[PDB]
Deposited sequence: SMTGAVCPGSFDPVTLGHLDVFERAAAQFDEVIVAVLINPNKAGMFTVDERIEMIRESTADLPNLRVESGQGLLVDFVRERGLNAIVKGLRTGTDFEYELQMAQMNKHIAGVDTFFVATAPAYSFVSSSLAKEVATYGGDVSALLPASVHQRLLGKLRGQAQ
């Protein structure tokens, strides 16, 4: 009965995120994507959840749920104590390590880091939005659904 939580705002979910979801889903019996409620972003929580659900339909053991407050509480309240977090090029890994040690200290939750695929290693939700805002083509970097939804917000 293994399980891990993949946390983020996912505003919107990128292929970097999806790659890590897929790896977590492949290595743990159960995966929960934890979507932060914290309203200043582009998509509402429902939209962000929809985009992830749309993009992970072939992952039967993954579910998507919103959450707020301490991540470790989100994880523990679901009977788990593992976080799986992706690494990309602009990741502040020092801060990730700090949070990982804090999360272990206060709640006994482990954090496993996995580098996303090289092809998806330079996209981030923020940079994708920024580039798309100014007409740049990020279609190769987002789930096809997300990409269309993004164009909708901009136009």
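Just jot down which stretches of the deposited chain sequence have no CA coordinates, in the order they come. Several stretches lack coordinates - namely 1, 41-42, 159-162, in sequence order.
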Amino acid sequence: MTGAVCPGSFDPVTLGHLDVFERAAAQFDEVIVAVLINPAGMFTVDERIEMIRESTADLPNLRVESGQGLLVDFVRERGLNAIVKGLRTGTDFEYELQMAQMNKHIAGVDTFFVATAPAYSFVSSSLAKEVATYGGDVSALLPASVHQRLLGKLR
From here on, numbers count along this sequence of modelled residues.
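Only the largest set of C-alpha atoms that superpose within 1.5 Å between the two forms is called the rigid core.
Core-aligned, which moves more in 9 other deposited structures of this protein: 109-117 or 90-98, by CA RMS? Comparing 109-117 with 90-98, the larger C-alpha deviation in 9 other deposited structures of this protein belongs to 90-98.
Once the rigid core is lined up, would you tell me whether 40-48 or 25-33 has the higher RMS CA deviation in 9 other deposited structures of this protein? If we average over structures and residues in 9 other deposited structures of this protein, the farther stretch is 40-48.
Averaged over C-alpha atoms, is the B-factor higher for 90-98 or for 107-115 in this PDB entry? Result of the comparison: 90-98.
With reference to the PDB entry, specify whether the mean Cα temperature factor is higher for 141-149 or for 16-24. Taking the mean C-alpha B-factor of 141-149 and of 16-24, the larger value falls to 141-149.
Among modelled residues of the same chain, the CA temperature factor third for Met42: Within its chain, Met42 is a highest-third residue by C-alpha B-factor, going by the deposited values.
Record-listed C-alpha B factor of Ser66: chain third: It falls in the top third of the chain.
Third of the chain's Cα B-factor distribution that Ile32 belongs to, per the entry: According to the entry, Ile32 has a C-alpha B-factor in the chain's lowest third.
Which third of the chain holds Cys6 when residues are ordered by C-alpha B factor: lowest, middle or highest? As the PDB entry reports it, the C-alpha B-factor of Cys6 lands in the lowest third of its chain.
Lowest, middle or highest third: where is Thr56 by C-alpha B factor in its chain? Highest third of the chain for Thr56's C-alpha B-factor.
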